[PDB]
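Enquirer: Once you've had a glance at the structure underneath, I'll fire off some questions.
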Amino acid sequence: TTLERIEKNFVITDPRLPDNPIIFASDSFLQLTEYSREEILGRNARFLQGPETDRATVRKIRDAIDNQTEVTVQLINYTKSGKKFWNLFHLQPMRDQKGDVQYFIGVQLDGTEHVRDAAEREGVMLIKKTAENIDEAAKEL
Amino acid sequence: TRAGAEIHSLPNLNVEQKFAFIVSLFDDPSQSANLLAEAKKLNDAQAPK
Amino acid sequence: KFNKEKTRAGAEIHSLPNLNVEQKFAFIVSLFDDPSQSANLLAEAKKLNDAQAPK
Ligand SMILES: Cc1cc2nc3c(=O)[nH]c(=O)nc-3n(C[C@H](O)[C@H](O)[C@H](O)COP(=O)(O)O)c2cc1C
């Protein structure tokens, strides 16, 4: 299917279920993070966080979800085995024709460090296009 | 109408049942008709009725 | 008497290796709430179990 043909790291969550759980995780995301579908479907994506994760950054994501809007930030995430990586992360809601929020989309791009300037511009372009591809692929669900 | 919104509109499915259907819809979208048929059957059965 | 069929199907769902406990409870409660639909619910559990197989 077209959603399965999207060769990027992403998850999709359902805010209408208690605690906004992951209901779809891409093949790339699972292998990058070392988790299986059985392990993380039904879980809030906060399991990616840990000791060196910046609290104020996580706060910005919380607030954007509360307000039902987009956000793009960078923060430290961990794999299952405990390996650190920087996540250039973009979030955005899927809405129906009346504007009601159906799901949240989240797209990840792994780095070894915080990026800025042209490197950041390129990464942001990649993840935002992907999110639009995901939204188009899932618009009947 | 979208599949997820339809699953959520059903009063008499519990949270786990709703989750299970939605995940199923996303993994095999070509089965959406069959899945929604089933969820409505269960919702009919679990009504206070 | 979908009684034997209901317990049979519940037993199988319980043993599916790629489903989590939330998903097992979803299908098992579904069966006991609508035993007539034992077959269809069993099939759906198996399709979900295969989709969650390791790659
Ligand atoms: C679609 C989606 C994808 C998410 N992906 C990540 C992620 O890749 N990394 C991360 O740290 N948090 C991710 N989150 C954010 C957390 O799930 C959570 O919303 C955040 O921690 C909110 O703050 P709280 O823990 O105080 O509730 C994601 C959230 C959504 C809705």
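We label chains A, B, ... in the order they appear in the structure tokens, count residues from 1 in each chain, and number ligands from 1 in the order shown.
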May I have the residues within 12 Å of residue 34 of chain B as a PDB file with C-alpha atoms, in the first residue's frame, using only C-alpha atoms and disregarding those fewer than 3 positions away in the same chain?
Expert:
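That gives us part18.pdb:
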ATOM      1  CA  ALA B   3     -12.858   4.858   8.923  1.00  0.00           C
ATOM      2  CA  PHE B  21      -9.847  -1.979  14.804  1.00  0.00           C
ATOM      3  CA  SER B  24      -6.173  -3.215  11.657  1.00  0.00           C
ATOM      4  CA  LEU B  25      -7.498  -0.481   9.343  1.00  0.00           C
ATOM      5  CA  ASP B  28      -4.651  -3.509   5.642  1.00  0.00           C
ATOM      6  CA  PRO B  29      -6.694  -0.576   4.263  1.00  0.00           C
ATOM      7  CA  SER B  30      -8.187  -2.911   1.613  1.00  0.00           C
ATOM      8  CA  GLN B  31     -10.159  -4.622   4.395  1.00  0.00           C
ATOM      9  CA  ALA B  37     -18.955  -4.252   9.107  1.00  0.00           C
ATOM     10  CA  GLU B  38     -17.614  -6.243  12.068  1.00  0.00           C
ATOM     11  CA  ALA B  39     -17.259  -3.313  14.453  1.00  0.00           C
ATOM     12  CA  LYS B  40     -20.920  -2.400  13.816  1.00  0.00           C
ATOM     13  CA  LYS B  41     -22.009  -5.999  14.447  1.00  0.00           C
TER      14      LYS B  41
ATOM     15  CA  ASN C  40     -14.648 -13.710  11.685  1.00  0.00           C
ATOM     16  CA  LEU C  41     -12.949 -12.361  14.841  1.00  0.00           C
ATOM     17  CA  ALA C  43      -9.536 -14.449  11.183  1.00  0.00           C
ATOM     18  CA  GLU C  44      -9.018 -10.757  12.062  1.00  0.00           C
TER      19      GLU C  44
END
Enquirer: Go through chain B and flag each residue having an atom no more than 6 Å from chain A; for those, report the closest pair of atoms plus their distance in Å to one decimal, using only C-alpha atoms, ordered by chain and rising number, as a Markdown table.
Expert:
| residue | atom | partner | partner_atom | distance |
| --- | --- | --- | --- | --- |
| B:2 | CA | A:141 | CA | 5.1 |
| B:3 | CA | A:141 | CA | 4.8 |
| B:4 | CA | A:141 | CA | 5.6 |
| B:23 | CA | A:23 | CA | 5.3 |
Enquirer: Excluding segment 116-129 of chain A and residues on its chain fewer than 6 positions from it, collect all residues at most 8 Å away from it, counting only C-alpha atoms, and give them as a list in words.
Expert: residues 72, 88, 89, 90, 107, 108 and 109 of chain A
Enquirer: Kindly compile the residues surrounding ligand 1 within 6 Å, counting only C-alpha atoms and all ligand atoms, and format them as a list in words.
Expert: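 Every residue with an atom at most 6 Å from ligand 1 is listed here: residues 11, 12, 13, 44, 45, 46, 48, 49, 58, 59, 61, 62, 77, 91, 104, 105, 106 and 108 of chain A.
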Enquirer: Limited to N, CA, C and O atoms, could you put the picked residues into a file as a short mmCIF file (atom, residue, chain, number, x, y, z; two decimals), in the first residue's frame?
Expert:
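The resulting file, again.cif, is reproduced below:
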data_model
loop_
_atom_site.label_atom_id
_atom_site.label_comp_id
_atom_site.auth_asym_id
_atom_site.auth_seq_id
_atom_site.Cartn_x
_atom_site.Cartn_y
_atom_site.Cartn_z
N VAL A 11 5.81 7.87 12.80
CA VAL A 11 4.67 7.22 13.46
C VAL A 11 3.40 8.07 13.29
O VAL A 11 3.48 9.27 12.98
N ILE A 12 2.25 7.44 13.48
CA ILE A 12 0.94 8.09 13.43
C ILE A 12 0.21 7.74 14.73
O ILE A 12 0.21 6.56 15.12
N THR A 13 -0.37 8.73 15.42
CA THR A 13 -1.06 8.49 16.71
C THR A 13 -2.53 8.87 16.63
O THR A 13 -2.93 9.65 15.75
N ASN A 44 2.32 5.65 24.05
CA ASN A 44 2.61 7.05 23.74
C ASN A 44 4.07 7.13 23.33
O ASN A 44 4.92 6.46 23.94
N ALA A 45 4.38 7.94 22.32
CA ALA A 45 5.77 8.05 21.84
C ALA A 45 6.79 8.60 22.84
O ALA A 45 7.98 8.68 22.54
N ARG A 46 6.36 8.98 24.04
CA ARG A 46 7.30 9.53 25.00
C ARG A 46 8.35 8.53 25.47
O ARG A 46 9.33 8.92 26.11
N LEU A 48 10.57 7.28 23.82
CA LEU A 48 11.83 7.65 23.18
C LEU A 48 12.72 8.55 24.06
O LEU A 48 13.90 8.74 23.78
N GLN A 49 12.15 9.12 25.12
CA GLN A 49 12.88 10.12 25.89
C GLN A 49 13.69 9.50 27.03
O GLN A 49 13.56 8.31 27.29
N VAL A 58 10.53 19.16 25.22
CA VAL A 58 9.39 18.28 25.39
C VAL A 58 8.12 19.08 25.74
O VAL A 58 7.02 18.75 25.30
N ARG A 59 8.30 20.15 26.51
CA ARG A 59 7.18 21.03 26.83
C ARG A 59 6.57 21.69 25.59
O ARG A 59 5.35 21.80 25.49
N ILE A 61 6.43 20.48 22.63
CA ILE A 61 5.67 19.46 21.91
C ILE A 61 4.32 19.26 22.61
O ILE A 61 3.29 19.19 21.95
N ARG A 62 4.36 19.18 23.94
CA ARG A 62 3.14 19.06 24.74
C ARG A 62 2.17 20.17 24.38
O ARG A 62 1.00 19.93 24.12
N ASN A 77 16.92 11.62 21.71
CA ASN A 77 16.12 10.41 21.89
C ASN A 77 17.04 9.19 22.05
O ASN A 77 18.23 9.24 21.70
N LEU A 91 5.98 17.57 13.79
CA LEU A 91 4.66 17.08 14.14
C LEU A 91 3.58 17.84 13.40
O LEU A 91 3.70 19.05 13.20
N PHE A 104 -2.38 12.51 14.77
CA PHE A 104 -1.15 13.28 14.64
C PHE A 104 -0.13 12.46 13.85
O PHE A 104 -0.04 11.24 14.03
N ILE A 105 0.61 13.14 12.97
CA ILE A 105 1.75 12.57 12.26
C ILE A 105 3.05 13.09 12.90
O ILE A 105 3.16 14.29 13.20
N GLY A 106 4.01 12.20 13.09
CA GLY A 106 5.34 12.56 13.54
C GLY A 106 6.43 11.93 12.68
O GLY A 106 6.45 10.71 12.50
N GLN A 108 10.64 11.57 11.94
CA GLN A 108 11.98 11.68 12.56
C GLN A 108 13.15 11.58 11.59
O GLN A 108 13.16 10.79 10.65
#
Enquirer: As JSON, numbers by chain, please: the residues near residue 26 of chain C (cut-off 8 Å, only C-alpha atoms, same-chain neighbours under 3 positions excluded).
Expert: {"B": [16, 17, 20], "C": [22, 23, 29, 30]}
Enquirer: Rank nothing, just name the residue among A:95, A:80, A:55, A:60 nearest to residue 29 of chain A, using only C-alpha atoms.
Expert: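 Comparing A:95, A:80, A:55, A:60 against residue 29 of chain A, the winner is A:80.
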Enquirer: DSSP says strand (DSSP E) for which residues of segment 31-140 of chain A? Put them as a PyMOL selection string?
Expert: chain A and resi 71-78+84-95+101-111
Enquirer: Only residues of chain A matter here; which ones have an atom within 9 Å of chain C, counting only C-alpha atoms? Give them as a PyMOL selection string.
Expert: chain A and resi 27+36-39+41-42
Enquirer: Atom CA of residue 30 of chain A and atom CA of residue 27 of chain B, how far apart in Å?
Expert: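 We find that atom CA of residue 27 of chain B and atom CA of residue 30 of chain A lie 14.8 Å from each other.
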Enquirer: Calculate how many Å separate atom CA of residue 82 of chain A from atom CA of residue 47 of chain A, rounding to one decimal.
Expert: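 Pair atom CA of residue 82 of chain A / atom CA of residue 47 of chain A returns 11.4 Å.
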Enquirer: Work out how far atom CA of residue 35 of chain B is from atom CA of residue 65 of chain A, in Å to one decimal.
Expert: 29.0 Å
Enquirer: Which one of A:131, A:66, A:137, A:74 sits closest to residue 111 of chain A if you count only C-alpha atoms?
Expert: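 The shortest atom-to-atom distance to residue 111 of chain A comes from A:74.
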Enquirer: Just want the 9 Å neighbourhood of residue 6 of chain C, counted on only C-alpha atoms, with same-chain residues fewer than 6 positions away dropped. Output as a PyMOL selection string.
Expert: chain C and resi 28+31-32+35-39
